[PDB]
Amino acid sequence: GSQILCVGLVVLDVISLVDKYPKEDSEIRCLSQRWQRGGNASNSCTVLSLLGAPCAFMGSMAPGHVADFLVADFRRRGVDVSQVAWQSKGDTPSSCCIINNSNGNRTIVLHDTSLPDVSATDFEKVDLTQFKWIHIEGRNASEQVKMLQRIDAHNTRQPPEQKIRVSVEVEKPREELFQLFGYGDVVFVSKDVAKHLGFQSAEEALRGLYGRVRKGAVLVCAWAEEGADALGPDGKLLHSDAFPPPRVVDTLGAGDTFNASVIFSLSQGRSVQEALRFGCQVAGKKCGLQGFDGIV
């Protein structure tokens, strides 16, 4: 029970840093370029390792030079990759990421290689005794629900002191992912999902969506410059103001930095109020830096 596992995607992010976002049909020169190991679950793993937590990543990877870069990067961070589901395909997903240096805005053109996701059968082969926390990035909901049901069955057999804590993220407004609300101790809901469901604030979203979570769960919603809110079984709304940097330069993976920081703080025995603030603190510091170097 020493590691934090993040189940989700690993994506190669091909980053172009620009002065201003290009208008359609225009030619602009970027300030700089870099390759970054991306994907929500993989970004959270980077932040967790930088925070000093032993962590493991589970995702599908195809053998090749792109995977070689990602594995070397994962290992340079100390991310445990022994759970990677290697695929027979041969195509790793990549993204063209446009980062506006004037305000930190990040535009992603994702190339989904349609490679097979992590299955419940792949998850069934994993020894769970080594993990204290399991975080799942919403993707293939039907398969993920089974992975979540396996963790539940494991936890029924364990005393309260050795129970694996669970978190889920619902970041895309896809109807099939809304079944994931009923799973996990901690549920992260994005501003984009909340807005798509008609909610105009983190407070509106939490009060309107709490009925979907399982008994005793905490629902969390970050709302960019408005900070973040959380709602638990006591019905008390919790809030943290954001910690914006004086100059916002890169917000790519800020949501993932918030998620990992909230997870880390909660796994350390801190209260929901303290975890919300810490989430905003680390994510806010990240927004004033290119990439993840310098958060610690």
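Each residue number is its position in the shown sequence, starting from 1. Under this definition, the rigid core comprises the largest set of C-alpha atoms superposing within 1.5 Å between the forms.
- RMS Cα deviation from the shown model in 8 other deposited structures of this protein, rigid core fit, is larger for 27-35 than for the other stretch of the pair 43-51 / 27-35.
- Annotation for 101-109 versus 172-180: the higher mean temperature factor (C-alpha) is found in 172-180.
- Between the stretches 26-34 and 260-268, it is 26-34 that shows the larger average CA temperature factor.
- Considering 129, 95, 167, 190 together, the PDB entry gives 129 the largest C-alpha B factor.
- You'll see in the entry that, of 123, 223, 210, 133, the Cα B factor peaks at 123.
- Looking at the C-alpha B-factors along this chain, the one for residue 251 belongs to the lowest third.
- Ranked within its chain, residue 53 lands in the middle third, by CA B factor from the PDB record.
- Annotation for residue 115: CA B-factor lies in the highest third of the chain's modelled residues.
- Among all modelled residues in its chain, residue 240 ranks in the lowest third by Cα B-factor.
- The entry lists a Cα temperature factor for residue 219 that places it in the lowest third of the chain's modelled residues.
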